[PDB]
Each structure stands twice: as structure tokens, then as C-alpha cells.
């Protein structure tokens, strides 16, 4: 496997440039590379779980943005989601499981990781709670 030279370029953009609000990667039609399947600059979070393939897997790097009180202001944390519902093809889940670290390691700056195996274990309060404590 491998990662599209354009895949990380999109990450380096959303990070230092805050270009996109998040990215949706995934194995190419040939299953040998990780190309950015989708990107968006939409703030709302209830729009992210709306682009999640209910019956499919994929990698996503969100730029979580929440509020704090200790240092009055907003804080951001890059999250690494890992979609893999109970509906996704078993043959398409084992390929997204192994070639997972392929992306993970390639990206430096990722704060938290979240495995997606249920729409409830990827919700706001779920990702936010694990983004602080």
C-alpha cells in the first residue's frame, strides 16, 4: 500500500493553512494508495457525519474546534477518525484496518484518534470528551 502524494498535501493545508475543515481519504479503486476521497470547509459538525458512508469505510482527519475557559479562547485539535460500521463489507473492512497505520504515521500533528464502529462512538460529545480529558 501507499499514500497519495496529494493526500498529505491536503493535510499540510488544513493544518498550517486551515484550508479545509476536514478531509475524507480512502483506498483508491485499485486498492494500493490513499487518495483524498473528499474535502470540505464547512464548520458545522452535523454535516460531517452526513458524509459518512453508512455501508462503507474511510479515513477522516477533522480539525476539531472547541471553547475553553482556562485560557479564554478557542482551541483546535486534529482528529483521526476511522470509519468501519457493522454494515461495511467484511472484505472492505480488513483492507481499511491494516492500511490504517499507513496514513496515521504519514501524518504528523495528529492529536487524537477515534475508531468509527458506530455513529454514536463518533458523535460530538464523544470526540470532544476524548479531545480534552
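Positions refer to the first chain, counted from 1.
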Stretch exceeding the other in mean C-alpha B-factor - 72 to 80, 53 to 61: 72 to 80
Residue stretch of maximal mean CA temperature factor, 102 to 110 vs 41 to 49: 102 to 110
From 36, 88, 94, 30, residue of greatest CA B-factor: 30
Third of the chain's Cα B-factor distribution that residue 9 belongs to, per the entry: lowest
Chain-relative CA temperature factor third for residue 131: middle
Ranked C-alpha temperature factor of residue 119 among modelled chain residues, by third: highest
